[PDB]
Amino acid sequence: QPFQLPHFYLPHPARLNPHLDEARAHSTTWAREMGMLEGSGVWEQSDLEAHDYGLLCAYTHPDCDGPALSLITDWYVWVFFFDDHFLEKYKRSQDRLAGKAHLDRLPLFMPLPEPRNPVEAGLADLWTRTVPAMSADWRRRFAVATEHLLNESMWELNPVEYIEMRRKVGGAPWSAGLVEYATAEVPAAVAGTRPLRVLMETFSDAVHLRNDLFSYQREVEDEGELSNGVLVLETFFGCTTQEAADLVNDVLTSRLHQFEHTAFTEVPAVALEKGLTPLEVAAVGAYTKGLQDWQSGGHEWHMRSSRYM
């Protein structure tokens, strides 16, 4: 182990989704149907089964029913398979043009075309299944977030800078889109207000920092990935790895506190200040609870599963 895991701030206990096993079998079968499994040159069945993204989605989205959980699970399986496939067929072979054309072809499967690869097929099926359940606004926003996350893999060619950039280019807003699918979508009235932006900011920072704390083994040391919270703080402040871990954890705790504060106090305040109807207020609250649940279940999935892989 690179460092001893710091003391985590965990105000809300993680809850597990009762439909888990169903999501596991369905995600495996679906991943096979997309051609992401053996024969792809990227994943085998054992790899996907070892990753266990079904547990991640069941932990992060406890209140959604079985099929929705299955959909979210297929989304996560797809994006992780996207990362691996891009780091295999393109990044490894160092072909920029092919990957660029790929990243150009991907948004075409999310209209607001015939797949040449398992990624495009998966994205197509996922869009087909997901779209009827959400509005046009969510479609646009989630398409934008998705395209952001995908185009962030184009990189082949300072702590505050790192956190702020990862805030925009991370996978947290994407996951939050899937969250507002899991519970309720955020009304356009309070969508642009400061408390919601701070909500998204703190959430993103927290998730990303935690992920950095748990990925230091397989990314910094083993892979050689230069982007990590712990690594950045370590090189910047000249601190030892453990000290950097403790600092990142402290910042994480602070972001969680600001998260809770703005969520359970300021957000309903700006919800009432914008004259939002109670029906939409319930949606905002459900969204907040969805974020909290996602954080909790995420940490729990990291602790109980991923760190042993």
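Q: So what exactly am I meant to see when it comes to the overall build of the protein chain here?
A: Along the protein chain, the regular secondary structure elements total 14 helices and 0 strands. Reading the protein chain from its N end, one meets helices and strands in the order α-α-α-α-α-α-α-α-α-α-α-α-α-α. The globule rule puts the C-alpha radius of gyration for 309 residues at 19 Å, and the 19 Å found for the protein chain is close to it. Projecting the C-alpha coordinates of the protein chain onto the three principal axes gives extents of approximately 55 × 50 × 35 Å.

Q: Sorry if this is basic, but what is going on with the packing of aromatic side chains here?
A: Each aromatic ring pair is described using two quantities: the centre-to-centre distance and the angle formed by the ring planes. With 6.2 Å between their ring centres and 45° between their planes, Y76 and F80 make a pair best called tilted. Separated by 4 residues within a single helix, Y76 and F80 lie in helix α4 (residues 66-89), roughly one turn from each other. Seen in terms of ring centroids, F86 and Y90 are 5.1 Å apart; in terms of plane orientation they differ by 50°. Their pairing is tilted.

Q: How do you make sense of the pattern of salt bridges when you look at a structure like this?
A: It is possible for side chains of opposite charge to pair when their charged atoms get near one another. A salt bridge links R15 to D293, with the nearest nitrogen and oxygen atoms 3.0 Å apart. One salt-bridge network, in which partners are shared between bridges, spans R15, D63 and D293.

Q: Is there a simple way to think about the packing of helix α8 (residues 159-169) against helix α10 (residues 194-215) in this case?
A: How two helices pack is summed up by the angle between their axes together with the distance between the axes. In contact at an axis separation of 9 Å, α8 and α10 are set at 110° when each is read in the N-to-C sense. On the basis of the axis angle, α8 is roughly perpendicular to α10. From α8, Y162, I163, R166 and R167 reach across to α10, where they touch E201, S204, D205, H208, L209 and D212. Across the contact of α8 with α10, the residue classes tally to 3 nonpolar, 2 polar and 5 charged.

Q: Honestly, the packing of helix α9 (residues 172-182) against α10 in this entry has me stumped. Any pointers?
A: Where α9 contacts α10, the axes come no closer than 9 Å and their chain directions differ by 115°. By the angle between their directions, the pair α9 and α10 is classed as roughly perpendicular. Remark: the crossing between α9 and α10 carries right-handed chirality. Across from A172, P173 and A176 in α9, the residues of α10 making contact are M200, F203, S204, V207 and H208. Classifying every residue of the contact of α9 with α10 gives 6 nonpolar, 2 polar and no charged.

Q: I would appreciate a short explanation of unusual backbone geometry in the present structure.
A: One non-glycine residue, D52, adopts positive backbone phi at about 55°. Structurally, the position occupied by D52 is in the loop between α2 (45-51) and α3 (53-60). A positive phi angle, near 55°, is found at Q94, a position not held by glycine. Here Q94 is to be found in the loop between α4 and α5 (96-105).

Q: What's the story with the side chain of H61 in this structure? I'm lost.
A: Turning to its location among the elements, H61 is positioned in the loop between α3 and α4. In this structure the side chain of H61 is engaged in a polar contact, spanning 2.9 Å, whose partner is the side chain of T60. Those residues in contact with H61, other than ones at most four positions away along the chain, are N17, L69, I72, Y76, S175, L178, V179, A182 and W294.

How each quantity is defined
- Residues numbered from 1 in each chain as written, not as in the entry; some residues may be left out.
- Heavy atoms only, no water.
- Residues with missing side-chain atoms left out of burial classes, pairs and counts.
- Helix = DSSP H or I, 4+ residues; strand = E, 2+ residues; numbered from the N terminus.
- Rg over C-alpha atoms; globule rule 2.2 N^0.38 Å.
- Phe/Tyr/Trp six-rings, centres within 6.5 Å; stacked < 30°, edge-to-face > 60°.
- Salt bridge = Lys/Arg side-chain N within 4 Å of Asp/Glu carboxyl O.
- Axes fitted to C-alpha atoms, helices over the stretch in contact; angles between N-to-C directions.
- Parallel < 35°, antiparallel > 145°, perpendicular 65-115°, else oblique.
- Contact = heavy atoms within 4.5 Å.
- Nonpolar A, V, L, I, M, F, W, Y, C, P; charged D, E, K, R; others polar.
- Left-handed = near helix turned anticlockwise from the far one by under 90°.
- Polar contact = N/O pair within 3.5 Å; in protein donor to acceptor, adjacent residues only side chain to side chain.

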